[PDB]
Amino acid sequence: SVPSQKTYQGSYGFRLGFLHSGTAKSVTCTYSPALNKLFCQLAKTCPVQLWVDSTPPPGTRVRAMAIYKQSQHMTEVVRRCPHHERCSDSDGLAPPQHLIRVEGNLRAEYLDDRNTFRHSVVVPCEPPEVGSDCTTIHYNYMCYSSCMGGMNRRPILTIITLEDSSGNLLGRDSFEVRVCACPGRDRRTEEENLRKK
Ligand SMILES: O=C(O)c1cc(-c2ccc(F)cc2)c(-n2cccc2)c(I)c1O
Ligand SMILES: [Zn+2]
């Protein structure tokens, strides 16, 4: 009915990481550690790092799913709004209803859960490239937080799960997301609101 959001490093020490992009007016994606919140523009690249202490087995996968953050909306499926689901911006792989896409990975799979109707996107784990210490997934969010008939100004969380080949849980992390026109300004505003409180 509601997916768990409990942080769980698990046996492999799984956790996310984010770049330090700053809060200039021109920034397209920026992460606030104080808020545990990603701010991004519509359909722009959101780099999310995956970190582990030890290598999970071959066949491990990484899934992303959005849920509403407020408890009174958490049973509602997060989906694209009535406008964006019809705007024919498909990449050939993501269903037009899905909020979260993975960019530039032909092995991404998109699930419409047959029991919960929730959407998710899952990719195989791949080792870091030589010279790197982590792997990065590039996500896109395909509706604004404000879209009427969709998120409708309600905050969402993205839950990232590390899963075995059967889909069993190996690790979990999460972050809030706001999809907005000016992520740098909005991050600055919300961090100031937190400081004043
Ligand atoms: O250091 C490593 O060997 C390493 C290895 C993997 C990895 C590679 C292949 C596989 F099948 C399962 C896991 C990995 N990873 C990729 C997505 C989630 C974690 C990471 I981050 C690593 O740092
Ligand atoms: Zn929309």
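Count residues from 1 along the sequence. Only heavy atoms go into these numbers, but all of them, side chains included; no hydrogens, no water, no symmetry mates. Each ligand, and each atom within it, is numbered from 1 in the order the structure gives.
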- Where the Zn ion (ligand 2) is the vertex, angle from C147 SG to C143 SG to 10°: 120°
- Task: Determine, using heavy atoms of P57 and all atoms of ligand 1, whether some pair is separated by less than 4.0 Å.
- Result: yes
- Message: Taking side chain to side chain contact (heavy atoms under 4.5 Å, CB included) as the criterion, tell me which of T45, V102, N105, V48 meets it with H138.
- Response: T45
- Nearest-contact summary for atom 3 (O) of ligand 1 - protein heavy atom, Å: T55 OG1, 2.8 Å
- Item | Check: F14 ring centroid to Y8 ring centroid under 6.0 Å | no
- Would you mind running through ligand 1 and noting each atom that sits below 4.0 Å from a heavy atom of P58? 11 (F)
- Between the main-chain N or O of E126 and the side-chain N or O of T135, is there a donor-acceptor pair closer than 3.5 Å? yes
- Identify which of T136, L170, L50, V52 has a heavy atom lying nearest to atom 20 (C) of ligand 1. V52
- Verify the distance test for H84 against the Zn ion (ligand 2): any N/O/S atom under 2.8 Å, yes or no. yes
- Among non-hydrogen protein atoms, atom 12 (C) of ligand 1 lies closest to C125 CB, 3.3 Å
- Query: Considering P127, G17, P128, which one's heavy-atom position lies nearest to atom 1 (O) of ligand 1?
  - Reply: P128
- Query: What atoms of ligand 1 come closer than 4.0 angstrom to any heavy atom of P56?
  - Reply: 12 (C), 13 (C)
- Message: Given 3.5 Å as the limit, does a donor-acceptor pair link the side chain of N36 with the main chain of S174, or not?
- Response: yes
- Side chains of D112 and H98: do they bring a donor and an acceptor to under 3.5 Å? yes
- Can any side-chain N or O of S166 pair as donor or acceptor with the backbone N or O of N168 at less than 3.5 Å? no
- Item | Side chain to side chain, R101 and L93, heavy atoms closer than 4.5 Å | no
- Query: Nearest to atom 14 (C) of ligand 1, what protein heavy atom do you find, and at what distance?
  - Reply: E126 O, 4.0 Å
